[PDB]
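A.B. asks: Sharing a structure below in structure tokens format, with a few things to ask.
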Amino acid sequence: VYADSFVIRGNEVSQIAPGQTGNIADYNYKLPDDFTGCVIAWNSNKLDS
Amino acid sequence: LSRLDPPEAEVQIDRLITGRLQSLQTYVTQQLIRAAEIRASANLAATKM
């Protein structure tokens with residue numbers, strides 16, 4: 001199992017998905033179209049601002 | 001394709017393939033019966049000749 005972590009703006013949380021496109025899903029980090037696995041995200045307005 | 005992204009456009013088009021296969025099956029199904037109907041008359045014509 002491979003695990004990777006990063007922090008981004010809350011607007012583009014839904015952009016982390018197979019087949020998604022945009023500024024950050026096409027230039028920074030892209031998920032395979034046949035991706036399998038789970039996604040976990042939660043707010044970080046208290047420890048990163 | 002010009003209006004929907006792959007993840008559910010793949011699901012949407014599947015209906016078209018299923019429908020077109022079902023429509024194409026009936027053509028050969030009817031042709032198989034018409035071939036036998038023609039063969040019977042061909043055998044009758046051969047016997048008459």
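Labeling convention for the structure tokens: chains A, B, ... as they appear, residues from 1 per chain, ligands from 1 in order of appearance.
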Just the residues within 12 Å of residue 31 of chain A, please, counting only C-alpha atoms, with nothing from its chain fewer than 2 positions along; format it as a list in words.
C.D. replies: residues 15, 16, 17, 18, 19, 20, 21, 24, 25, 26, 27, 28, 29, 33, 34, 35, 36, 37 and 39 of chain A
A.B. asks: Quick one: which residues from chain B are at most 8 Å off chain A, using only C-alpha atoms, as a ChimeraX atom specification?
C.D. replies: /B:5-7
A.B. asks: If I take atom CA of residue 48 of chain A and atom CA of residue 2 of chain A, how far is one from the other in Å, to one decimal?
C.D. replies: 24.7 Å
A.B. asks: Which residues come within 12 Å of segment 42-45 of chain A, counting only C-alpha atoms, excluding same-chain residues fewer than 6 positions away, as an MDAnalysis selection string?
C.D. replies: chainID A and resid 6:11 13
